[PDB]
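Sequence order for the protein chains is B and A.
Following the entry's author numbering, the numbering of the first sequence begins with 1 at its first residue and continues without gaps.
Following the entry's author numbering, the numbering of the second sequence begins with 1 at its first residue and continues without gaps.
Notes follow the structure.
Number of protein chains: 2
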Amino acid sequence: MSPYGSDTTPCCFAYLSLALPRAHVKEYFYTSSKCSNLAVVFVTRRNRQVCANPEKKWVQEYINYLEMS
Amino acid sequence: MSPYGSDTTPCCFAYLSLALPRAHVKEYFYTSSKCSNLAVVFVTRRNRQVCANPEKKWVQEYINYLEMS
């Protein structure tokens, strides 16, 4: 437990019109609530995370695909 | 290297006047360049990081102390 919650917080704002194939992605995640902008963090099969804003339809498609698969 | 980057940025904007003693900290560090605010991340002896803006004297002293020790 950390009594002091004023620590390093993962935040991000990015997007990509050409998203990596769904076969390379493992799952999706959302940026910290501390972030002024809510973004989606895709975790690849290589466990490498990337940030993309949910307003991109590809992100929606990938989220919709990863939520069902 | 990553041809496709833009991922979670460890950022922070906080401070604490009642900071933990130098015996509780191991070292200091700076926030990522993607951060809109430069902050200092202190790494405790428990591998727990914490942030504090360098504008605080405690941070300056701890930086000056941790840079030498």
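All C-beta atoms, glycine included, are put in the ideal place defined by N, C-alpha and C.
ask   = Among the residues of its own chain, which have a CB less than 6 Å from the CB of B:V50, if the five just before and after it don't count?
value = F42.
key: Closest by C-alpha distance to A:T44, when choosing among A:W58, A:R22, A:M68, A:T8   = That would be A:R22, whose Cα lies nearest to the Cα of A:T44.
key: A:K57 versus A:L16: straight-line alpha-carbon distance, rounded   = Roughly 10 Å between the two C-alpha positions.
ask   = If you compare alpha carbons, which of A:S6, A:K34, A:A14 is closest to B:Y4?
value = The candidate whose alpha carbon is nearest that of B:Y4 is A:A14.
query = The beta strand (DSSP E) with A:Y30 in it runs from where to where?
reply = First-last of the beta strand (DSSP E) with A:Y30: 25-30.
task = Run down chain B in chain order and give the residues with a C-beta less than 7 Å from the C-beta of A:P54.
result = Correct list: empty, because the minimum Cβ distance to chain B is about 14 Å.
key: Beta carbon proximity, B:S2 to chain A, threshold 8 Å   = The beta carbon of B:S2 falls within 8 Å of a beta carbon belonging to chain A, placing the residue at that interface.
query = So which residues of chain A does B:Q60 contact, with C-beta pairs closer than 7 Å?
reply = Here the premise fails: no neighbours, minimum Cβ distance about 18 Å.
Pick from B:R46, B:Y30, B:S2 that is closest to B:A52, judged by C-alpha positions = The shortest Cα separation from B:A52 among B:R46, B:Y30, B:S2 belongs to B:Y30.
CA-to-CA distance, B:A19 to A:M1, given in whole angstroms = Whole-angstrom Cα-Cα distance: 18 Å.
message = I need the straight-line Cα distance from B:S33 to A:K34, nearest angstrom please.
response = The straight-line gap from Cα to Cα measures roughly 18 Å.
task = List the whole-angstrom C-beta distance separating A:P54 from A:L38, where the pair is believed to meet the contact cut-off of C-beta under 8 Å.
result = Sure, about 7 Å apart at Cβ, within 8 Å.
ask   = What does B:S6 touch in chain A if you count any residue whose Cβ is under 8 Å from its own?
value = Near B:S6 (Cβ distances below 8 Å), the residues of chain A are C12, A14, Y15, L16, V50, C51, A52.
request  = Measure from the alpha carbon of B:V59 to the alpha carbon of each residue in B:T8, B:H24, B:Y28, B:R46, then state which is nearest.
outcome  = Looking from the CA of B:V59, the closest CA among B:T8, B:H24, B:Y28, B:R46 belongs to B:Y28.
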